[PDB]
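Participant: Would you mind keeping the following structure in view while I ask a few things?
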Amino acid sequence: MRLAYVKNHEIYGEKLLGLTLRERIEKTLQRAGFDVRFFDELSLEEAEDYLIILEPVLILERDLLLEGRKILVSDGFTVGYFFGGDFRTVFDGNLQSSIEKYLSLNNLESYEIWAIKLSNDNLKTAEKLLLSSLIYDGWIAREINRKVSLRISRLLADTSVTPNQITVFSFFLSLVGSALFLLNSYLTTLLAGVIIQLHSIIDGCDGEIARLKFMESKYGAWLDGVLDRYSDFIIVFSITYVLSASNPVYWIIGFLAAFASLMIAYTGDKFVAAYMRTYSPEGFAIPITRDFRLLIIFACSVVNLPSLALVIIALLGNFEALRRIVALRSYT
Amino acid sequence: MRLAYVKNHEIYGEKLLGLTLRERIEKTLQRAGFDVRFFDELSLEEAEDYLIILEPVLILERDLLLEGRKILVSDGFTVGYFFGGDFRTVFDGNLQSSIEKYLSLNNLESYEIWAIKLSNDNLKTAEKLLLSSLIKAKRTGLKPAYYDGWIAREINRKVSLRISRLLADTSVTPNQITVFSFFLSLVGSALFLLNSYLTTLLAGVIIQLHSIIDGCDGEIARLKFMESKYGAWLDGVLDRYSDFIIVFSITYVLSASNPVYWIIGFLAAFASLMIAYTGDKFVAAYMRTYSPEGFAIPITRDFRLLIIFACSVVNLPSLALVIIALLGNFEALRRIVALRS
Ligand SMILES: Nc1ccn([C@@H]2O[C@H](COP(=O)(O)OP(=O)(O)OC[C@@H](O)CO)[C@@H](O)[C@H]2O)c(=O)n1
Ligand SMILES: Nc1ccn([C@@H]2O[C@H](COP(=O)(O)OP(=O)(O)OC[C@@H](O)CO)[C@@H](O)[C@H]2O)c(=O)n1
Ligand SMILES: [Ca+2]
Ligand SMILES: [Ca+2]
Ligand SMILES: [Ca+2]
Ligand SMILES: [Ca+2]
C-alpha cells in the first residue's frame, strides 16, 4: 500500500474540462497505485511508500511510474516528494521541518514528470496542456484531425456524454456517409466524402473523452476498433456497389480495398496480441492507416472519383500489408 | 534467481519426438523461470526457492506456476518437491536426510501437476500423452489466443497430431509448415477457379486438409519449444489471407451465373475476418484468452472450412457462402452485444 499526501488548496475546487482539479489529481494518483489523502495538517499513516505534494499541480503524464526514492520536478520546479517508508522514522508532526530534516540526511535524485503548477492565471494554459495530453496517430490524424477533434471534445467535456456513446454515434455517421454513397450522384458523393472525413475526425473524440474524463474501459477499446472495422467495410461496400452498375470489374477492386482496410487493422492489432506492445514501425511504412484511408476517400469523392479511392486503398493497402509481413520477420 | 535441482537418470538420454527427455524437462523448467542444475550428489547454492526432482519424469503441463512451498503430485504420485529458501537452514549435505527433516518441520500442501513418471516401458505411453498435450485446450494449461473448436478438437487434431508425430523427427520448422498450410489454401482456391465438380470436390478436400495441417505448425512449435511471437502473428495473418482468398475464388466463379453472389461473397468474406478480429481485439484489450462462457454460434475457422468442405462435395459452394455469411455475421453481432457485460 502506498499513500499520497496532497495538501488542500482552494484552487483544487475549480473544475477543468468536466472534473474538479481535485478529482483529477485524485484519479491520476490512484491510476499510479496510490491511496490518496488530502490534508491541511499532516498526520502520518503506515504504508510502504509516501508521496508528498505541497503545491497545487495538474499532472499531465499518463503512465506515471515511481520506483525508488526520487524528487518530482517540472521544468526545474519541484512538484512533490517521493519518500520511502523509512520517512516514518523521521516525521515529527510538523511537516516542513520534518521534510527539511529528512532532506538534509538524504541526497535525493531528481525525476522529471509532465505537470503544470496551478495558479489563478494559468488555468487556460492548463486546459490547452491537458487537452494536448490526450493525443500512435498517423500524420493526417495528428496534424489535421486532432486539431478539430480536440476542439470538439473540449465542448463535449462539459456534458454527460460517455466515450461509448461517441463511438456508436461516430459509427452512425459512417453509415450516413455510406447511405449518401448509395444515392449515386455527385452532390451526394460529395456529401458522403465530407461526412466520412468528419467521421474520421470524430472517431478521435471517443478516445479523447475517455482519457480526459478517466472513462477508459476494456470494452470501450474493443468496440472502438470493431465498429471501425464495420465502418471501413460498409463504406467500401457501398462505393463498390454503385460502381458495379457501370463496371463489374470494380467488385474485384472493391474486394481488395475492403480486405486491405481490414488487414492494415488486423496486422496491427494482431501484433499487439502477439508481442504485447504498441505497434509502431521504426522507419519507412506506406501511409495507408485509417486517417489516410478516409482522407483519400474524402478527396476522391469531392472530384466525383470514389473509384480512384478504391484503387489507391487496394494498392497501397495490400502492398503495405505485404510489407509488414516481410518486415516483421526481422526483429522478433 | 530460482534453482531447479533434477537428479540424473539414464532415461533422460533417450529421445522423445525430436528432443531428449533431458532437453524437454530442462526447457519446461526454464520456461517456468528456473535455473536448472542436473546432479548426482547435491551441493546447494543460494536462491529464493528450490525445486527438487528425484524420480525421472516428463512434465506435460505447459504453463506451470509454483507459488508457495508445495509438493508436486501427479495422480497420487510425488513428482517433485517445491521448497522455500529456508531449506538452506535445514540442508545438512545429505539430500535424503534433509528432505525428511524439512518435511518434518513443515506441512506442505499437495499440488497436482500433469506429468508422467518415466520408465523404459511406458515411453510409448509418454509419447501419446505428450502429443495430446499439444492441443489448444484448458487441460494442457496453455493460455493461447483461442482454444480449439469442437471440429478441430474432435476431428482435426486426431489427424494433425499423427502428422506432427512424423514431422518431429525432421528439421521442419513451425514457420515452414505455416507457409505450406497457406500454400495449400492457394491450391484449394485455384481448384475452385477451374469451375467443375471434380475440381470443386478436390478444392473442398484440400481446404479441409488445409484446416487439419493448420494445426501442425502450432503442434510442432509447442512440441519442440520453437514458439515465437512472429510465428503466432504469421499463423493468424495467413489464415485471414486464406479465408479471404477461398471465399474470393468461390465468389468469382459464382458471379458468372448470378451477380448477386458478389454480395453474399462479400458478407461471407467479411464475417470470416470479423470472427477473427473480434477475438484478437479482445486479446489486445483484455490481455487474456478469448473464451465465450455460454452460447456461441459454431462458426469458428474449423467449422467454416468444414462447412466449405461439406458444401463442396455436394457441388454447392454457394451454400457455404450463405452459411458462413449468415452464421458469421450474427455471431459477430452477438459478440458485440455479449461483451457489453
Ligand atoms: N469508447 C471508447 C473509445 C476509446 N477508448 C480508449 O481510447 C483509445 C483510442 O483512442 P482514439 O483517440 O479513439 O484512437 P483511434 O480512434 O483508434 O484513432 C483516431 C485518430 O487516429 C483520429 O482519427 C482506445 O484504446 C480505448 O482504450 C475507450 O476507452 N472508450
Ligand atoms: N509458425 C508458428 C505458428 C504457430 N506458432 C504458435 O502456435 C500457436 C497456434 O497453434 P495452432 O495449433 O496452430 O492453432 P490454430 O492455427 O488455431 O489451429 C487450429 C486448427 O485446428 C485449424 O482449424 C500460435 O499462437 C503460436 O504461439 C508458432 O510458434 N510458430
Ligand atoms: Ca476511436
Ligand atoms: Ca472507432
Ligand atoms: Ca496454425
Ligand atoms: Ca495459419
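Chains: A, B, ... in order of the C-alpha cells. Residues: from 1 per chain. Ligands: from 1, in order shown.
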Please produce, as CSV, a per-residue contact table for chain B versus ligand 5 (criterion: any atom at most 7 Å away, only C-alpha atoms and all ligand atoms considered), showing the nearest atom pair and its distance in Å to one decimal, sorted by chain then residue number.

Facilitator:
```
residue,atom,partner,partner_atom_place_in_ligand_line,distance
B:178,CA,ligand 5,1 (Ca),6.1
B:214,CA,ligand 5,1 (Ca),4.0
B:215,CA,ligand 5,1 (Ca),4.7
B:216,CA,ligand 5,1 (Ca),6.4
B:217,CA,ligand 5,1 (Ca),5.0
B:218,CA,ligand 5,1 (Ca),5.1
B:235,CA,ligand 5,1 (Ca),5.0
```

Participant: As a PyMOL selection string, please: the residues near residue 72 of chain A (cut-off 8 Å, only C-alpha atoms, same-chain neighbours under 6 positions excluded).

Facilitator: chain A and resi 78-82+110-113

Participant: Write a file of the just-selected residues containing C-alpha atoms, as a PDB file, in the first residue's frame.

Facilitator:
```pdb
ATOM      1  CA  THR A  78       9.676  20.768  -7.544  1.00  0.00           C
ATOM      2  CA  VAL A  79       6.229  19.211  -7.875  1.00  0.00           C
ATOM      3  CA  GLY A  80       6.364  16.756  -4.988  1.00  0.00           C
ATOM      4  CA  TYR A  81       8.496  14.433  -2.879  1.00  0.00           C
ATOM      5  CA  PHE A  82       8.583  10.660  -3.232  1.00  0.00           C
ATOM      6  CA  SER A 110      15.524  14.446  -9.365  1.00  0.00           C
ATOM      7  CA  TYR A 111      12.869  12.925 -11.643  1.00  0.00           C
ATOM      8  CA  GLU A 112      11.124  14.842 -14.440  1.00  0.00           C
ATOM      9  CA  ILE A 113       7.367  14.445 -14.899  1.00  0.00           C
TER      10      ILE A 113
END
```

Participant: For a quick test of understanding: name the residues of chain B lying within 7 Å of chain A when counting only C-alpha atoms, and present them as a list in words.

Facilitator: residues 229, 230, 232, 233, 237, 277, 278, 280, 281, 282, 283, 284, 285, 286, 339 and 340 of chain B

Participant: Selection from above, N, CA, C and O atoms, as a CSV table (one decimal), in the first residue's frame, can you write it?

Facilitator:
```
chain,number,residue,atom,x,y,z
B,229,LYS,N,6.9,-15.1,-31.3
B,229,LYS,CA,6.0,-14.1,-31.5
B,229,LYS,C,5.5,-13.9,-32.9
B,229,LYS,O,4.4,-13.7,-33.2
B,230,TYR,N,6.5,-13.9,-33.8
B,230,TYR,CA,6.2,-13.8,-35.3
B,230,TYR,C,5.5,-15.0,-35.8
B,230,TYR,O,4.6,-14.9,-36.6
B,232,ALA,N,3.2,-16.8,-34.1
B,232,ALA,CA,1.8,-16.6,-33.7
B,232,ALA,C,1.2,-15.6,-34.6
B,232,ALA,O,0.1,-15.7,-35.0
B,233,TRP,N,2.0,-14.5,-34.9
B,233,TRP,CA,1.5,-13.4,-35.8
B,233,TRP,C,1.2,-14.0,-37.2
B,233,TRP,O,0.1,-13.8,-37.7
B,237,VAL,N,-2.3,-14.3,-39.5
B,237,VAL,CA,-2.4,-13.4,-40.7
B,237,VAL,C,-2.6,-14.2,-42.0
B,237,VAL,O,-3.5,-13.9,-42.7
B,277,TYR,N,-11.1,-11.1,-36.0
B,277,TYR,CA,-10.8,-9.7,-35.5
B,277,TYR,C,-11.3,-9.5,-34.1
B,277,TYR,O,-10.6,-9.1,-33.2
B,278,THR,N,-12.6,-9.8,-33.9
B,278,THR,CA,-13.3,-9.6,-32.6
B,278,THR,C,-12.6,-10.3,-31.5
B,278,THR,O,-12.5,-9.9,-30.4
B,280,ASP,N,-9.2,-11.4,-31.5
B,280,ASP,CA,-7.9,-10.9,-31.3
B,280,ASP,C,-7.9,-9.6,-30.7
B,280,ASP,O,-7.0,-9.2,-29.9
B,281,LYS,N,-8.9,-8.8,-31.0
B,281,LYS,CA,-9.1,-7.4,-30.5
B,281,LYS,C,-9.4,-7.6,-29.0
B,281,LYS,O,-8.9,-6.7,-28.2
B,282,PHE,N,-10.1,-8.6,-28.6
B,282,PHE,CA,-10.4,-8.9,-27.2
B,282,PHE,C,-9.1,-9.2,-26.5
B,282,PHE,O,-8.8,-8.7,-25.4
B,283,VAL,N,-8.2,-10.0,-27.1
B,283,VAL,CA,-6.9,-10.4,-26.6
B,283,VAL,C,-6.1,-9.1,-26.4
B,283,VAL,O,-5.3,-9.0,-25.4
B,284,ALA,N,-6.2,-8.2,-27.3
B,284,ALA,CA,-5.5,-7.0,-27.3
B,284,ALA,C,-6.0,-6.1,-26.2
B,284,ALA,O,-5.2,-5.3,-25.6
B,285,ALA,N,-7.3,-6.1,-25.9
B,285,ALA,CA,-7.9,-5.2,-24.9
B,285,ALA,C,-7.9,-5.7,-23.5
B,285,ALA,O,-7.8,-5.0,-22.6
B,286,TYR,N,-8.2,-7.0,-23.4
B,286,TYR,CA,-8.4,-7.7,-22.1
B,286,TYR,C,-7.1,-8.4,-21.7
B,286,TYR,O,-6.9,-8.7,-20.5
B,339,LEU,N,-20.4,-8.8,-25.1
B,339,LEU,CA,-19.2,-8.2,-24.4
B,339,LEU,C,-19.5,-6.9,-23.6
B,339,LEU,O,-18.7,-6.5,-22.8
B,340,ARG,N,-20.6,-6.3,-23.9
B,340,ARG,CA,-21.0,-5.1,-23.2
B,340,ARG,C,-21.1,-5.4,-21.7
B,340,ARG,O,-20.9,-4.5,-20.9
```

Participant: Residues up to 6 Å from ligand 3, counting only C-alpha atoms and all ligand atoms: could you list those as an NGL selection string?

Facilitator: :A and (203-204 or 206-207 or 224)

Participant: So how many Å separate atom CA of residue 38 of chain A and atom CA of residue 20 of chain A, to one decimal?

Facilitator: 14.2 Å

Participant: Using only C-alpha atoms, which residue out of B:90, B:62, B:53, B:138 lies closest to residue 28 of chain B?

Facilitator: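 Counting only C-alpha atoms, the residue closest to residue 28 of chain B is B:62.
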
Participant: For residue 252 of chain B, which of B:300, B:22, B:190, B:308 is the closest residue, counting only C-alpha atoms?

Facilitator: B:190

Participant: When you look at segment 159-176 of chain B with a cut-off of 7 Å (counting only C-alpha atoms), what residues show up, excluding the ones that are within fewer than 2 positions of it in the same chain? I need them as a CSV table (one decimal) with N, CA and C atoms, in the first residue's frame.

Facilitator:
```csv
chain,number,residue,atom,x,y,z
B,17,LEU,N,10.2,-37.7,-29.5
B,17,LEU,CA,9.7,-36.8,-30.5
B,17,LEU,C,10.6,-35.6,-30.8
B,18,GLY,N,11.9,-35.9,-31.2
B,18,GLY,CA,12.8,-34.9,-31.7
B,18,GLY,C,13.8,-34.4,-30.6
B,131,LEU,N,1.9,-35.9,-27.1
B,131,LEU,CA,1.2,-35.4,-28.3
B,131,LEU,C,-0.1,-34.8,-27.9
B,156,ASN,N,-10.1,-32.7,-36.4
B,156,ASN,CA,-8.8,-32.3,-37.0
B,156,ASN,C,-7.6,-32.7,-36.2
B,157,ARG,N,-7.6,-32.5,-34.9
B,157,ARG,CA,-6.5,-32.8,-34.0
B,157,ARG,C,-6.0,-34.3,-34.1
B,178,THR,N,3.6,-23.4,-41.6
B,178,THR,CA,2.6,-22.3,-41.7
B,178,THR,C,2.5,-21.8,-43.1
B,179,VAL,N,3.6,-21.6,-43.7
B,179,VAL,CA,3.6,-21.2,-45.1
B,179,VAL,C,3.1,-22.3,-46.0
B,180,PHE,N,3.4,-23.5,-45.8
B,180,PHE,CA,2.9,-24.6,-46.5
B,180,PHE,C,1.4,-24.8,-46.4
B,212,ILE,N,-6.7,-29.1,-41.3
B,212,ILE,CA,-6.1,-30.0,-40.4
B,212,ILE,C,-4.6,-29.7,-40.2
B,213,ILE,N,-3.9,-29.4,-41.3
B,213,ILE,CA,-2.5,-29.1,-41.3
B,213,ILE,C,-2.2,-27.7,-40.6
B,215,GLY,N,-3.0,-27.0,-37.9
B,215,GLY,CA,-2.8,-27.3,-36.5
B,215,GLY,C,-1.4,-27.8,-36.3
B,216,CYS,N,-0.7,-28.2,-37.4
B,216,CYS,CA,0.6,-28.8,-37.2
B,216,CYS,C,1.7,-27.8,-36.8
B,217,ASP,N,1.6,-26.6,-37.4
B,217,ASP,CA,2.6,-25.6,-37.1
B,217,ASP,C,2.6,-25.2,-35.6
B,218,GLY,N,1.4,-25.2,-35.0
B,218,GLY,CA,1.2,-24.9,-33.6
B,218,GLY,C,1.7,-26.1,-32.8
B,219,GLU,N,1.3,-27.3,-33.2
B,219,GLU,CA,1.7,-28.5,-32.5
B,219,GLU,C,3.2,-28.7,-32.4
B,220,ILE,N,3.9,-28.6,-33.6
B,220,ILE,CA,5.3,-28.7,-33.7
B,220,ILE,C,6.0,-27.6,-32.8
B,221,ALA,N,5.5,-26.4,-32.8
B,221,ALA,CA,6.0,-25.3,-32.1
B,221,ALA,C,6.1,-25.6,-30.6
B,231,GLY,N,5.8,-16.2,-35.2
B,231,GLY,CA,5.1,-17.4,-35.5
B,231,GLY,C,3.6,-17.3,-35.3
```

Participant: According to DSSP computed on the backbone, where in segment 55-302 of chain A is there strand (DSSP E)? Give the residues as a PyMOL selection string.

Facilitator: chain A and resi 57-59+70-74+77-84+110-112+115-117

Participant: With only C-alpha atoms as the basis for distance, which of A:239, A:70, A:298, A:281 is at the shortest distance from residue 185 of chain A?

Facilitator: A:239

Participant: Given only C-alpha atoms as the basis, pick out the residue of B:108, B:320, B:95, B:51 nearest to residue 70 of chain B.

Facilitator: B:108

Participant: What is the atom 18 (O, counted along the ligand's line) of ligand 2 to atom CA of residue 198 of chain B distance in Å?

Facilitator: 27.6 Å

Participant: Please return, as a VMD selection string, all residues of segment 52-284 of chain B that DSSP assigns to helix (DSSP H, G or I) on the basis of the backbone.

Facilitator: chain B and resid 85 to 89 95 to 105 123 to 132 138 to 140 150 to 167 174 to 193 197 to 213 216 to 223 229 to 254 261 to 284

Participant: Between A:205, A:123, A:95, A:64, which has the minimum distance to residue 145 of chain A (counting only C-alpha atoms)?

Facilitator: A:205

Participant: Leaving out residue 200 of chain B and any residue of its chain fewer than 6 positions from it, which residues lie within 12 Å of it when counting only C-alpha atoms, given as a PyMOL selection string?

Facilitator: chain B and resi 187-194+206-207+246+249-250+253+308-318

Participant: Applying 8 Å and only C-alpha atoms, which residues near residue 57 of chain B remain after dropping the ones on its own chain fewer than 4 positions away? List them as a ChimeraX atom specification.

Facilitator: /B:25,79,115-118

Participant: Could you tell me how far atom CA of residue 187 of chain A lies from atom 22 (C, counted along the ligand's line) of ligand 1, in Å and to one decimal?

Facilitator: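 Here the two named atoms are 25.5 Å from each other.
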